[PDB]
Undergrad: 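My questions all concern the structure below.
Order of the sequence lines sets the chain letters (A, B, ...), proteins ahead of strands, with each chain counted from 1. We use all heavy atoms of the structure for the numbers below, so side chains are in, but hydrogens, waters and symmetry mates are not.
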Amino acid sequence: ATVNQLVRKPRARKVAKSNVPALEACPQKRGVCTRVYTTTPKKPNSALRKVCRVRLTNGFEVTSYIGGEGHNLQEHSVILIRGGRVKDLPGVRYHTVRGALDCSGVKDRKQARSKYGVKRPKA
Amino acid sequence: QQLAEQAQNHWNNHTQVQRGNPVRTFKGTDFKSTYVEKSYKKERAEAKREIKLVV
RNA sequence: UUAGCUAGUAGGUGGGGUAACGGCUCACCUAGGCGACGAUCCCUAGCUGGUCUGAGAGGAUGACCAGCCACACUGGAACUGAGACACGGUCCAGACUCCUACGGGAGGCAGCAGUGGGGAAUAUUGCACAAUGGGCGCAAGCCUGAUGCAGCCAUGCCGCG
RNA sequence: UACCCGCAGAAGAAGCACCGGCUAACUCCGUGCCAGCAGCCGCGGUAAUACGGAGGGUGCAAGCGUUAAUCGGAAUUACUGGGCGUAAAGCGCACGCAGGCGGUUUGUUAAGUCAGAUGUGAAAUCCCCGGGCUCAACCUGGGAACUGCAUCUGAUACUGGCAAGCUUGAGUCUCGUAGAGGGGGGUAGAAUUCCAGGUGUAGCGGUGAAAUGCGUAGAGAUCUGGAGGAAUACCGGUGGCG
RNA sequence: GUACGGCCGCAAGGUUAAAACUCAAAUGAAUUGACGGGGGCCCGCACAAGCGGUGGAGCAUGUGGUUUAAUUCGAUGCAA
RNA sequence: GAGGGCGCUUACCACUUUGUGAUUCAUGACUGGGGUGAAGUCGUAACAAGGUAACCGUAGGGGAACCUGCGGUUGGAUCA
Ligand SMILES: [Mg+2]
Ligand SMILES: [Mg+2]
Ligand SMILES: [Mg+2]
Ligand SMILES: [Mg+2]
Ligand SMILES: [Mg+2]
Ligand SMILES: [Mg+2]
Ligand SMILES: [Mg+2]
Ligand SMILES: [Mg+2]
Ligand SMILES: [Mg+2]
Ligand SMILES: [Mg+2]
Ligand SMILES: [Mg+2]
Ligand SMILES: [Mg+2]
Ligand SMILES: [Mg+2]
Ligand SMILES: [Mg+2]
Ligand SMILES: [Mg+2]
Ligand SMILES: [Mg+2]
Ligand SMILES: [Mg+2]
Ligand SMILES: [Mg+2]
Ligand SMILES: [Mg+2]
Ligand SMILES: [Mg+2]
Ligand SMILES: [Mg+2]
Ligand SMILES: [Mg+2]
Ligand SMILES: [Mg+2]
Ligand SMILES: [Mg+2]
Ligand SMILES: [Mg+2]
Ligand SMILES: [Mg+2]
Ligand SMILES: [Mg+2]
Ligand SMILES: [Mg+2]
Ligand SMILES: [Mg+2]
Ligand SMILES: [Mg+2]
Ligand SMILES: [Mg+2]
Ligand SMILES: [Mg+2]
Ligand SMILES: [Mg+2]
Ligand SMILES: [Mg+2]
Ligand SMILES: [Mg+2]
Ligand SMILES: [Mg+2]
Ligand SMILES: [Mg+2]
Ligand SMILES: [Mg+2]
Ligand SMILES: [Mg+2]
Ligand SMILES: [Mg+2]
Ligand SMILES: [Mg+2]
Ligand SMILES: [Mg+2]
Ligand SMILES: [Mg+2]
Ligand SMILES: [Mg+2]
Ligand SMILES: [Mg+2]
Ligand SMILES: [Mg+2]
Ligand SMILES: [Mg+2]
Ligand SMILES: [Mg+2]
Ligand SMILES: [Mg+2]
Ligand SMILES: [Mg+2]
Ligand SMILES: [Mg+2]
């Protein structure tokens with residue numbers, strides 16, 4: 001607090017690390033599904049959350065959530081991840097973009113379509 | 001060892017269950033979740049706040 | 001959680017060299033020089049005007065425009081030259097690509113378009129020298145992918161339906 | 001080409017996100033901790049404004065959401081502008097070099113500081129007053145600014161430098177006073193244990209109770225003598241010294 | 001206050017001192033309770049003092065279990 | 001003749017070569033601990049005097065929390 005103490009050693013501010021380190025400051029990254037499966041959340045939730053171990057281009061191998069109802073993802077499916085944490089899943093910090101290069105949109109979604117890559121249905 | 005690995009292959013080949021006439025039945029109760037949370041601080045505190053907001 | 005570093009090193013006399021001062025270089029003499037006011041070593045990094053945010057102080061940042069710097073496939077070198085150790089100049093060596101009659105030769109888009117690639121992602125192998133500017137020329141004029149424009153994209157801002 | 005004029009026809013032109021709270025906007029149906037949502041809290045286990053659909057609405061609009069990144073909010077690195085008894089935070093304590101800071105008077109100097117001026121701080125950019133594209137974006141004239149730096153001129157309260165001082169800080173000297181303050185060497189008394197011996201005899205010791213153990217090879221008890229080590233009842237005190 | 005590295009130590013270890021990963025808390029003080037093999041006071045057939053019981057027996061009754069075609073459903077600590 | 005040029009030669013030097021360090025990245029049998037999960041086994045250490053007051057430093061011991069010795073602290077209840 002004393003100004004001499006500061007002059008000798010200034011305020012060392014909080015260094016802050018990114019919580020999405022695999023994307024490397026890139027808004028989206030392409031990766032290949034190494035494994036596609038479902039995992040049980042932690043307490044207090046319960047489900048079979050749909051997730052995939054995916055190997056990005058930059059070499060990292062992460063685990064990515066598969067949003068929406070039903071998916072076509074399999075091994076070798078080339079997808080995009082976009083960052084975004086799934087709190088109730090330990091160590092799943094990326095969301096799989098729907099409508100992105102293999103990941104088909106959610107079938108029969110009529111609202112909030114854009115977040116799931118579904119075209120506007122035609123009458 | 002070869003019959004063990006071939007039993008793995010047997011699973012890979014015709015493992016899928018043929019449903020009908022159970023040989024025996026086991027009356028248990030589990031395999032999804034047995035959690036009540038018991039910590040009625042949150043659930044009742046949000047309800048508390050929501051009621052204050054509404055009224 | 002890098003504490004010692006430095007022998008042309010620091011200074012001097014003299015000689016040499018430069019467009020010019022200088023250990024810039026050489027001989028010899030001195031034994032100095034840097035370092036907690038962070039030397040040295042490691043990592044990262046072009047710098048700035050500025051940009052974004054912020055009441056401000058600050059924090060981050062350095063795309064476009066402009067000033068400075070550095071580089072021209074990589075490693076060196078000089079030559080010409082007022083100016084370079086020189087993007088589309090030269091010599092050598094290396095990696096790669098190409099030609100060869102196998103003896104030997106050729107090339108360098110980080111100029112403008114463009115191609116393959118990488119990537120989440122970034123455009124047309126366009127028109128013109130008509131304006132501005134530049135090189136040469138007495139001048140006309142020639143050259144000018146600078147530049148003026150056009151094409152593509154909702155990428156941003158603004159306007160309108 | 002900008003721009004201007006004429007024709008016909010509403011013609012050719014509205015999407016995205018969200019509606020539990022934070023957050024503007026609630027209902028039904030499907031579903032039942034499943035499917036799934038989620039930025040935090042959390043929703044979901046049969047009447048779900050939180051999931052999926054519809055109606056409605058809300059915010060935005062040729063955009064709208066998600067993601068990435070920076071700043072903010074974060075006074076959450078507190079220079080402006082934090083805190084340290086117990087929330088994280090006072091070194092175990094002192095001595096002390098560099099460093100920071102410095103009682104009080106005059107004079108000098110004028111470094112810091114201050115006033116002015118000069119040179120500069122490229123242009124663009126931000127900002128202000130106007131002008132031009134039908135407005136705006138955009139372009140643009142002038143100005144202010146560029147909080148900085150250097151030079152000169154001047155000011156002297158403060159800080160700094162220098163010279164002299166002064167005694168209130170600090171320090172010495174004289175006489176005493178109290179103290180388990182420290183080091184060294186002696187010494188005293190009580191007690192423990194042991195050894196020797198006397199008497200004496202059947203238990204001693206121990207715990208909540210017991211047993212292990214010590215005892216007839218005489219314990220335990222009591223007395224005398226001897227040895228040795230350690231700590232100093234009372235004084236003794238929310239007393240002292242450090 | 002750990003690893004690694006440095007210094008120190010005869011050794012024990014001391015000192016300096018991170019990071020990944022992870023949770024939405026962790027904490028401090030105080031408040032109302034409850035709880036205590038904490039304290040105090042008072043009371044209950046609470047113990048004590050007494051009397052007679054149940055648990056053994058046969059039977060009634062209800063229940064659990066079992067069985068069956070069904071042995072209808074409920075009650076199922078004290079408080080079935 | 002002077003002088004130049006070529007050649008030759010020495011100096012400086014890039015490629016490259018050698019030896020030995022260093023440092024950083026990845027990886028490695030096995031191993032140390034850590035976090036998280038599901039809440040399984042052994043105990044019940046701490047929280048009340050938590051049933052042996054707790055904790056701090058150290059030393060030793062022990063399936064494990066821990067136990068014990070020495071010093072310290074109150075961040076200890078009770079004392080009617
Ligand atoms: Mg709550
Ligand atoms: Mg000289
Ligand atoms: Mg660089
Ligand atoms: Mg602020
Ligand atoms: Mg070159
Ligand atoms: Mg290249
Ligand atoms: Mg020339
Ligand atoms: Mg020349
Ligand atoms: Mg050059
Ligand atoms: Mg070129
Ligand atoms: Mg190009
Ligand atoms: Mg070419
Ligand atoms: Mg291409
Ligand atoms: Mg690609
Ligand atoms: Mg194209
Ligand atoms: Mg021209
Ligand atoms: Mg030409
Ligand atoms: Mg447009
Ligand atoms: Mg909605
Ligand atoms: Mg509302
Ligand atoms: Mg939603
Ligand atoms: Mg339910
Ligand atoms: Mg319903
Ligand atoms: Mg919601
Ligand atoms: Mg701040
Ligand atoms: Mg922030
Ligand atoms: Mg604070
Ligand atoms: Mg504490
Ligand atoms: Mg504390
Ligand atoms: Mg202290
Ligand atoms: Mg003074
Ligand atoms: Mg001055
Ligand atoms: Mg001035
Ligand atoms: Mg300017
Ligand atoms: Mg106007
Ligand atoms: Mg003075
Ligand atoms: Mg005097
Ligand atoms: Mg340690
Ligand atoms: Mg508390
Ligand atoms: Mg009580
Ligand atoms: Mg009784
Ligand atoms: Mg009976
Ligand atoms: Mg009976
Ligand atoms: Mg019955
Ligand atoms: Mg009853
Ligand atoms: Mg204990
Ligand atoms: Mg216990
Ligand atoms: Mg016990
Ligand atoms: Mg205890
Ligand atoms: Mg305790
Ligand atoms: Mg023990």
Undergrad: What does A:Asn4 touch in the nucleic acid at a heavy-atom separation under 4.0 angstrom: a base, only the sugar-phosphate, or nothing?
TA: sugar-phosphate

Undergrad: Looking at the side chain of A:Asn45, which of E:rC23, D:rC43, D:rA54 is the nearest nucleotide?
TA: D:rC43

Undergrad: Label D:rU76 north or south, basing it on the sign of the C1'-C2'-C3'-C4' dihedral.
TA: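 D:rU76 falls in the south pucker range.
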
Undergrad: Quick one: which protein N/O atoms are closer than 3.5 Å to N/O atoms of nucleotides 55-63 of chain D? Pair and distance per line, please.
TA:
none

Undergrad: Listed in order of residue number, which residues of residues 8-40 of chain A have a non-hydrogen atom at under 4.0 Å from RNA chain C?
TA: A:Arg13, A:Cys26, A:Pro27, A:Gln28, A:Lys29, A:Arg30

Undergrad: Just grab all the ring pair (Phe, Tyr, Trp, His ring centres under 6.0 Å) pairs involving residues 91-123 of chain A, residues at least two apart or on different chains.
TA: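 The answer is A:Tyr65-A:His95.
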
Undergrad: Just to be sure I understand the rule, does A:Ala1 reach a base, reach only the sugar-phosphate, or reach nothing, if contact means heavy atoms closer than 4.0 Å?
TA: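 Base, at least one base atom sits under 4.0 Å.
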
Undergrad: Tell me, what's RNA chain F's dot-bracket, Watson-Crick or G-U with both distances under 3.5 Å, | for other-strand, [ ] crossing?
TA: ....................................................(((((((((....)))))))))......

Undergrad: Can you check whether A:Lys50 has a side-chain N or O nearer than 4.0 Å to OP1 or OP2 of D:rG36?
TA: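 So the side chain of A:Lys50 is within the cut-off, an N or O lying under 4.0 Å from OP1 or OP2 of D:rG36.
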
Undergrad: Taking RNA chain C as the partner, which of residues 74-101 of chain A come within under 4.0 angstrom of it by heavy atom?
TA: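 Hits under 4.0 Å, by residue number: A:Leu80.
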
Undergrad: Take atom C1' in E:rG5 and the same atom in F:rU23, then report the distance between them in whole Å.
TA: 13 Å

Undergrad: Classify the nucleic acid contact of A:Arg109 as base, sugar-phosphate or nothing, counting any heavy atom under 4.0 Å across all strands shown.
TA: sugar-phosphate

Undergrad: With heavy atoms of chain A within less than 4.0 Å as the criterion, where does contact along RNA chain C begin and end?
TA: C:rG59 to C:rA120

